[PDB]
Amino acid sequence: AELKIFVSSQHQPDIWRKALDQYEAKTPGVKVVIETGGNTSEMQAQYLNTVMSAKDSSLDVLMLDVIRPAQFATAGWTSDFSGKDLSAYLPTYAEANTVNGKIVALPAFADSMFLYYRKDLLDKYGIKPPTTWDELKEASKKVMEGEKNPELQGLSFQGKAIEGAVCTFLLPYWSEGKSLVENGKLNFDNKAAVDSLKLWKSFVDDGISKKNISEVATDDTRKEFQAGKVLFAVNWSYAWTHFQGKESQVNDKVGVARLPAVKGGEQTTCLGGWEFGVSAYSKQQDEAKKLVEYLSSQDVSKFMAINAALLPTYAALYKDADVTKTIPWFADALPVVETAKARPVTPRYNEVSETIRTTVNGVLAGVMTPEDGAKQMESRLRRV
């Protein structure tokens, strides 16, 4: 059989390729081909909606974001792993991949947002990693003043109208102790929503973040930090491999911290991560399941942690000696993953994402005020 697997371009398809070569080498008569979609999750989702809506049978295995199971379950777009127990996997992912009793997908890898920081620069100015956005502003000012570097950004975060801007919006909202869904219903704290949009705007206005932060996607943050142009970056675990790689200016100059809190708030972060679904329209159900069981296996989890800084779905791999030798900070990441806040679980998540990310982007592009943004977001969300 020739299986086709849709892989996020953001999640190291060349490294997944090394795992698939080990699979082929030990599975005579099976070949795997990677189709590589957009960097961002909302573009991958728009593409999969069209091929899955059209019942297209070319894809066998789908790498899907943690926010996807509700949609994919309700639409019947994946083959359930009937009577599968997800107890080997972090409960947050066991839970994300179960919808009305159905195991929609096997966890592929974990993720959460961290604060990447230039540990060389904080050391140089004697600064402690910031625990509040206010400490991060103060640290940014001190470093940018001393560095006399017209290309050094204080903070890079995602302001482009992408899935990651949803995460941007919720970080200060969650930090204030608010939720967007309470007892299944939309629970919109106006004041917390406005304060989140003004916080992100304040980084641009205060000269800590670049004027065109509204054009910055997740991987732009990764590229600019890697290039030595960013003191503080909001990003995901995959960025670490690029930072420590052959094409980086910041080898051994990167610290990892929990995201700062809003003043008086909690250091909350966004749950990310991905899972492997078998397409309901695969003509190779059995062979695809065998591939997903290998790709969701502890040995592959471990390989992808070491080679791609993708956080394990297996709790035991966080303290594995080879994992922690390659990426020391993984030894302390699991509590961040297991307490990370989840975006709303809903089959209509795409419409939820569209509303929040366009509002964030509009405010950061100076199209609307934070105040109007919050009002627009609430109105649009109310009817979705």
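By rigid core we mean the largest C-alpha set that fits within 1.5 Å across both forms. Counting begins at 1, following the sequence as shown.
Trainee: Core fit done; bigger CA RMS in 4 other deposited structures of this protein for 279 to 287 or for 266 to 274?
Mentor: Stretch with the larger root mean square C-alpha distance in 4 other deposited structures of this protein: 279 to 287.
Trainee: So, in 4 other deposited structures of this protein, taking the root mean square over structures and residues of the Cα distances after a rigid core fit: is 168 to 176 or 107 to 115 the more displaced stretch?
Mentor: Stretch with the larger root mean square C-alpha distance in 4 other deposited structures of this protein: 107 to 115.
Trainee: Does at least a third of the other compared PDB entries (those resolving both flanking residues) leave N183 without coordinates?
Mentor: Counting only entries that model residues on both sides, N183 is unresolved in at least a third of them.
Trainee: Could you check the entry and say whether 274 to 282 or 213 to 221 has the higher mean CA B-factor?
Mentor: On average, C-alpha B-factors are higher across 274 to 282.
Trainee: Do the CA atoms of 259 to 267 or those of 82 to 90 have the higher mean B-factor in the entry?
Mentor: It is 82 to 90.
Trainee: Checking the entry, which one of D111, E182, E163, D134 has the top C-alpha B factor?
Mentor: Highest C-alpha B-factor among the listed residues goes to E182.
Trainee: Among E42, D65, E338, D56, which carries the highest Cα B-factor?
Mentor: Of the candidates given, the C-alpha B-factor peaks at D56.
Trainee: Once the chain's modelled residues are ordered by C-alpha B factor and cut into thirds, is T98 in the lowest, middle or highest one?
Mentor: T98: CA B-factor falls in the highest third of its chain.
Trainee: Compare the C-alpha B factor of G146 with those of the other modelled residues in its chain, then answer lowest, middle or highest third.
Mentor: Its C-alpha B-factor, which the entry lists for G146, ranks in the middle third among residues of this chain.
Trainee: Could you tell me which third, lowest, middle or highest, the C-alpha B-factor of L20 occupies within its chain?
Mentor: Highest third, going by the recorded CA B-factors of the chain.
Trainee: Once the chain's modelled residues are ordered by C-alpha B factor and cut into thirds, is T74 in the lowest, middle or highest one?
Mentor: Tercile = highest for this residue's CA B-factor.
Trainee: When the modelled residues of the chain are sorted by Cα temperature factor, does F303 land in the lowest, middle or highest third?
Mentor: Ranked within chain, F303 CA B lands in the middle tercile.
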